[PDB]
Amino acid sequence: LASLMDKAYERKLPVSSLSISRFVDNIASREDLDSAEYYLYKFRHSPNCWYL
RNA sequence: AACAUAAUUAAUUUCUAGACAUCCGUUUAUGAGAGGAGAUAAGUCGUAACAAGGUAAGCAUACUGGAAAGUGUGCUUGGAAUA
Ligand SMILES: [K+]
Ligand SMILES: [K+]
Ligand SMILES: [K+]
Ligand SMILES: [Mg+2]
Ligand SMILES: [Mg+2]
Ligand SMILES: [Mg+2]
Ligand SMILES: [Mg+2]
Ligand SMILES: [Mg+2]
């Protein structure tokens, strides 16, 4: 899932609310939170920020 | 080359990338050298035309000649024509 979102930002394409939802749901470790925090930041600064 | 994301306010992105470089030609300038026309203006050689200009003149054309010009053939009068 990380790769999918990264490609979208590289191509300046909108990311789905379902995509960010799947990431947060499947957090399984303390380290994963740090990555999700970065992707929550990226989602906020993206065209579909309102749809969180 | 023209799709793909997204969508419980709604929008994002694509909506391209080469090759428009030479031209085939076309004008003008330059002019080795070879000619023409005109004027300069004392000359040279002849006297072709104007008088029946001393072989009437001229036209087209041909040949010939230092040069005007000469000769032929048909045509014209812008000549003459009684012995
Ligand atoms: K004569
Ligand atoms: K004479
Ligand atoms: K005469
Ligand atoms: Mg005579
Ligand atoms: Mg004579
Ligand atoms: Mg003649
Ligand atoms: Mg003769
Ligand atoms: Mg003779």
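As shown above, the structure is provided for reference.
Reading the values: rules and limits
Residues numbered from 1 in each chain as written, not as in the entry; some residues may be left out. Chains lettered and ligands numbered in written order. Part of a larger assembly, values for the part shown. Heavy atoms only, no water. Helix = DSSP H or I, 4+ residues; strand = E, 2+ residues; numbered from the N terminus. Rg over C-alpha atoms; globule rule 2.2 N^0.38 Å. Buried < 20%, exposed > 50% of the residue type's maximum accessible area, 1.4 Å probe, protein only. Areas by Shrake-Rupley, 256 points an atom, 1.4 Å probe, with all protein chains shown as cover. Near = heavy atom within 4 Å. Polar contact = N/O pair within 3.5 Å; in protein donor to acceptor, adjacent residues only side chain to side chain. Nonpolar A, V, L, I, M, F, W, Y, C, P; charged D, E, K, R; others polar. Core = buried A, V, L, I, M, F, W, Y, C linked by side-chain atoms within 4.5 Å. Contact = heavy atoms within 4.5 Å.

Participant: I tried to follow the overall build of chain A on my own but got confused; where do I start?
Facilitator: Check the secondary structure of chain A and you find three helices and zero strands. Mapped from its N terminus to its C terminus, chain A presents α and β elements in the order α-α-α. Expected size for 52 residues packed as a compact globule is a radius of gyration near 10 Å; at 10 Å, chain A falls within 12% of this value. On the principal axes, the C-alpha backbone points of chain A span a range of 30 × 20 × 15 Å. Counting every position in chain A, which comprises 52 residues, the buried fraction comes to 21%. Total accessible area on chain A stands at roughly 4,200 Å², and carbon and sulfur atoms take up 53% of it.

Participant: Hey, could you run me through the protein's contact with RNA strand B in this one?
Facilitator: In the vicinity of RNA strand B, the residues found are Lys12, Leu13, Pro14, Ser16, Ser17, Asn48, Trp50 and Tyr51. When the atoms of RNA strand B within 4 Å of the protein are grouped by moiety, sugar and phosphate amount to 62% of the total. One of the side-chain N or O atoms of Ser16 is found 3.3 Å from a phosphate oxygen in RNA strand B. Here a sugar or linking oxygen of RNA strand B sits 3.2 Å away from a polar atom, N or O, in the side chain of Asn48. Split into classes, the residues belonging to the surface near RNA strand B amount to four nonpolar, three polar and one charged.

Participant: Whenever I open this one, unusual backbone geometry confuses me. Can you help?
Facilitator: Of all residues except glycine, most have a negative phi; of all peptide bonds, most are trans. Positioned with a positive phi, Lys12 is a non-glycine residue whose angle comes to about 55°. For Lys12, the location among the structural elements is in the loop between α1 (2-10) and α2 (17-25).

Participant: Hey, could you run me through the nonpolar core in this one?
Facilitator: Within soluble globular proteins, side chains that are nonpolar tend to cluster in buried spots. Core analysis: the biggest nonpolar cluster contains nine residues, these being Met5, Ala8, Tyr9, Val15, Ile20, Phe23, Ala36, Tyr39 and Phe43. Contributions of two or more residues to this core are made by α1, α2 and α3 (30-44). With residues up to four places along the chain from it excluded, the contact list for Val15 reads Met5, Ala8, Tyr9, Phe43 and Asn48.

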